[PDB]
Every structure is written in structure tokens, then in C-alpha cells.
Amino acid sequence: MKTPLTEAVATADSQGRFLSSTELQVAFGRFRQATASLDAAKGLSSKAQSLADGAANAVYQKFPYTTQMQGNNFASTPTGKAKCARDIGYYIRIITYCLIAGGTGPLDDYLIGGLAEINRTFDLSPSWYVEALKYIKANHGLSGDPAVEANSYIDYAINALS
């Protein structure tokens, strides 16, 4: 899983060498970033159910057809609404993991790898999730370095969907 620490090890190991001062300095930078990111993860975590409830409603408002049209891919049924809430919950949980990891690894490994193939196979619109993410970005209630951190990972996911 990609983090600044695993990337540094992978680099050294690829060259058959011990870690250098440059890799120790990468670790120092990751450690300086960490305590704010770990605070952002704490923030998002306590607001996760609220943010998932709100982001779902924002998608349904922007794309009312998702709640009315019949089809396996739509939230027009209880089981469809539950799939949608679940998926939005996955984005929030995995973005919190990125703040803990100090990089995109969790999003890359658990959500973005295969995302295009899944959205195509199950006829899910990437635009639905981009709307859920814009909501999460506007309502997470973080500021300063935590908010920059959180927004970096939300924008990364929006970019993966676009």
C-alpha cells in the first residue's frame, strides 16, 4: 500500500541498498504532517453517518431520476438506497484511511483500482459520486492543515471519477 514510508522502502529495495538520509528526511516530513492528518481522521470519523446521510440526499436532489427510474442500478427501491448509502459510506471511510496512511494508498488499493470497470459493468454514473464528494468537501467542517489534507484526498477521488 502506497505511503511515503512504503515508497521510500520500495525505492531503496529496488536499488538493493539501505535507506539514505533522503529517505529518513521523507519520514520526518511524513511525521510532521501526521498529527494534523490524524486529527482530521478523528473529525471525519465522528461526522461520518451525518456526512453519508447528507451526501446521499445531495445526489438524489441533483439527479432526481435515481430515486424514481426502475432498474438494478438505481436508488428507486429500499435495496438501491441501501447500496447507495453503503457506497457513499465506503468513500468517507476510505478517505479517513488516507488521512491515517499519509497518502492515497487506501483509495488506490480499495476503491480507485477497478473503479471504471465496476461503474461500467453495474451502470453506475461517476457523476453521482462526484456530487456526493462535493457535498462531503463542503460539510466536513475541518479548517487549516486538516481541511487541506482532507480536500487533497476528496479532489483525488473526484479526479479518479472524471
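Numbers follow the displayed sequence, beginning with 1.
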Problem set entry | Stretch exceeding the other in mean C-alpha B-factor - 123 to 131, 95 to 103 | 123 to 131
Exercise. With respect to the recorded C-alpha B factors, which stretch has the higher mean value, 37 to 45 or 63 to 71?
Worked result: 63 to 71
Exercise. Taking the values straight from the PDB record, which of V26, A58, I112, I118 has the highest C-alpha temperature factor?
Worked result: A58
Exercise. Which third of the chain holds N151 when residues are ordered by C-alpha B factor: lowest, middle or highest?
Worked result: middle
